[PDB]
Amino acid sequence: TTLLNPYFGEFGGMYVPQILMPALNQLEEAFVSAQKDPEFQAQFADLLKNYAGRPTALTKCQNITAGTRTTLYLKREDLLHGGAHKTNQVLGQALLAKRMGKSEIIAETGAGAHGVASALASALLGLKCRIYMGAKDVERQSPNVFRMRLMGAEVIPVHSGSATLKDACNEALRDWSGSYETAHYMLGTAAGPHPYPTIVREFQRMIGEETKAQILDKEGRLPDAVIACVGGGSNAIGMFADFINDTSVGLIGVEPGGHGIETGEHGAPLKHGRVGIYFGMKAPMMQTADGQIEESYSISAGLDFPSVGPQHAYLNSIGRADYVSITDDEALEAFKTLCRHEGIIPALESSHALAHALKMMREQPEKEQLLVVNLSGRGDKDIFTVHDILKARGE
């Protein structure tokens, strides 16, 4: 029994051990309550504005579209406190936890941006935060690990499974089942069991709402397309939601193509995987013929997840949204291009979305198109990775 529909067509659901079902039901009820509560909404708005800095800019990028009939805007989630869109929904989830009377936070992270967002929200709001992170990630994300710890978070390394994001995801769920009377699980994407895909969308939807208002103000019409990268699906659905009913507006999600789809080393389950059940949801997975969950791959840690949120799988299935892939090399070029020609250093995750928009422009340069790319984060965290590549490839 639920208050809201746990499914998007065939995809979604609540595929957790029975023990976790009261936790999910509790959270759903608290969310439904909160959404009707003007006091909660005011509190959330206050934090978004005065703490996180919303609304974020919408920047027109003239240099990179010169000599074409593409007009390109970037939604500047890179400027949000914390340096990525992740901060929006953590503030709402942190308030939900408080509303539920919980005093502790669990959160998974790989790259680290969600972990940092979870830690900063916990520091501000007086919650005790533990972050589960595959040991492999801990090893590679010393910076983010230290930011979290500076902010008073406990980072717990995960050695189980393949010791990465998925296993980190698994670990967070395990902990929550036994601690959910005291702890809230602050899931960091629009995936996992209901009600998370719904909550995360609603607590990210201001991205698209602001974009719409900003593009009407500047251009007097809606965009032809809005384009976002897809790790688990939060930044994309945050951009898409307010446009779903605007049927003229294209919704384009960009999965990581890795070394190339044909290599099998990618993170593009929506278009190149098949439906399975994992992480509490029925969704496209990268899986072995036998039904074991595969390891994904992307140069971008934030996109390196072998599944995708169920709303995206649904929007694809009915043709409302289209999903494409962008390889490591394409993302890197888009990264360099934005630094050089607009003076903005984008997250390598966000660079995938940018690369697809640049492809739309370059492939058909006399096509009139008004595009918005969700620039989900800044790329300070990526400058070493990019440096090491450019140096190894000889530039």
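In case it trips you up, residue 1 is the first one in the sequence shown, and so on.
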| item | value |
| --- | --- |
| 249-257 versus 144-152 - greater average Cα B-factor per the deposited record | 144-152 |
| Comparing 384-392 with 3-11, the one whose average Cα B-factor in the PDB entry is higher | 384-392 |
| Given 346, 53, 343, 67, the residue at which the Cα B factor reaches its maximum | 67 |
| From 289, 79, 207, 216, residue of greatest CA B-factor | 289 |
| Residue 184 - Cα temperature factor, lowest/middle/highest third of chain | highest |
| Where the record places residue 24 (Cα B-factor, split into thirds across the chain) | middle |
| Lowest, middle or highest third - CA B-factor, residue 297 | middle |
| Third of the chain, ranked by Cα B-factor, where residue 328 sits | lowest |
| Residue 166 - Cα temperature factor, lowest/middle/highest third of chain | highest |
